[PDB]
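Protein chains in written order, with the entry's author numbering: chain A, 1 to 76; chain A', 1 to 76; chain A'', 1 to 76. A prime marks a further copy of an entry chain. Report on the following structure.
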């Protein structure tokens, strides 16, 4: 399925995922695609910060959903 | 979860914490992030000075809460 | 807890104490903080001169209370 991840620069990352993907795997995909270390990523769906060890399906994230990506810089 | 720590310079420190964190751990995070030794820090939530050996959950500190940080200089 | 000790110069010393602290310990804190030997210090709470061997709790001294400090010079 596709999901859309809006970033703070105003760019949207289109990802191909499965509901069975952990949030940690989603952050690995963003590291692929945008070069951002997972440690810096905070993913938000429906106002909730997503937990690395949970899956997209735990959050009821369906095809064509929108997430937000906030970056936390180390030492910030 | 995030908490917001207002400092006396007017700057707000955004921290990532757990309710299971001791106040001592919160002060270690502030030492990370701002370079302030824990010994100098006095943390205030809801008008109460927080005790190092207690947890955020003991104080019912919830996500997105605001604390204040006062600094006590040694010999002051 | 904090207590406030007004001195005869018009300066107020803010101290961190416990109700379990003896008056002798409070005078040691003032010696730290202001350089005044305990022998010179006379502490006053609620019109009463405080006895070294008693505790703040014996006097019902609560957080944010005000004391006065009078100095007795030796040979005076």
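Don't be surprised by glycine CBs; every beta carbon is placed ideally from N, CA and C.
Examine the Cβ distances between the segment 9 to 23 of chain A and the segment 48 to 61 of chain A and report whether three or more of them are shorter than 8 Å. The segment 9 to 23 of chain A is in contact with the segment 48 to 61 of chain A.
Note down, one range per segment and in chain order, each beta strand (DSSP E) of at least 3 residues found wholly within the segment 8 to 69 of chain A''. For the segment 8 to 69 of chain A'', whole beta strand (DSSP E) runs of length 3 or above, ordered along the chain, are 12 to 16 and 41 to 45.
Under 8 Å between C-beta atoms, does residue 47 of chain A make it to chain A'? In the first chain, residue 47 of chain A corresponds to position 47, counting from 1. Answer no: the Cβ-Cβ gap between residue 47 of chain A and chain A' never drops below 8 Å.
Determine whether the beta carbon atoms of residue 75 of chain A' and residue 29 of chain A'' lie at a separation below 8 Å. Taking the first residue of the second chain as 1, we reach residue 75 of chain A' at position 75. Taking the first residue of the third chain as 1, we reach residue 29 of chain A'' at position 29. Annotated as distal: residue 75 of chain A' and residue 29 of chain A'', with beta-carbon spacing of 8 Å or more.
Who are the neighbours of residue 75 of chain A' on chain A'', taking C-beta pairs under 9 Å? Against the second chain, residue 75 of chain A' aligns to sequence position 75. The answer, in chain order, is 32 and 33.
So what does DSSP say about residue 80 of chain A'', is it helix, strand or coil? Coverage of chain A'' is limited to positions 1 through 76, which leaves residue 80 of chain A'' absent and any answer about it impossible.
Measuring alpha carbon to alpha carbon, tell me which residue in A:46, A:40, A:35 and A:37 is nearest residue 4 of chain A. For this step, residue 4 of chain A is matched to residue 4 along the first chain. Comparing Cα positions, the closest option is A:46.
If we call anything under 8 Å between Cβ atoms a contact, is residue 51 of chain A one with residue 2 of chain A? Position 51 of the first chain, counted from the start, is the residue given in the question as residue 51 of chain A. Position 2 of the first chain, counted from the start, is the residue given in the question as residue 2 of chain A. Going by C-beta atoms, residue 51 of chain A is not nearer than 8 Å to residue 2 of chain A.
Looking only at its chain, what residues have a beta carbon closer than 6 Å to the beta carbon of residue 9 of chain A, apart from the 5 residues adjacent to it on each side? Locating residue 9 of chain A in the first chain gives position 9, where the first residue counts as 1. Excluding residues within five positions, none has a Cβ falling inside 6 Å.
Would the beta-carbon of residue 49 of chain A'' fall within 8 Å of that of residue 73 of chain A''? As a position in the third chain, residue 49 of chain A'' is number 49, starting the count at 1. As a position in the third chain, residue 73 of chain A'' is number 73, starting the count at 1. One thing to note: residue 49 of chain A'' has its Cβ no nearer than 8 Å to the Cβ of residue 73 of chain A''.
So, is the C-beta of residue 72 of chain A'' closer than 8 Å to a C-beta in chain D? As a matter of chain content, chain D is missing from the structure shown, whose protein chains are A, A' and A''.
Nearest to residue 53 of chain A' by CA position, among A':38, A':67 and A':6, is which residue? Here residue 53 of chain A' refers to the residue found at position 53 when the second chain is read from its first residue. The shortest C-alpha separation from residue 53 of chain A' is found at A':38.
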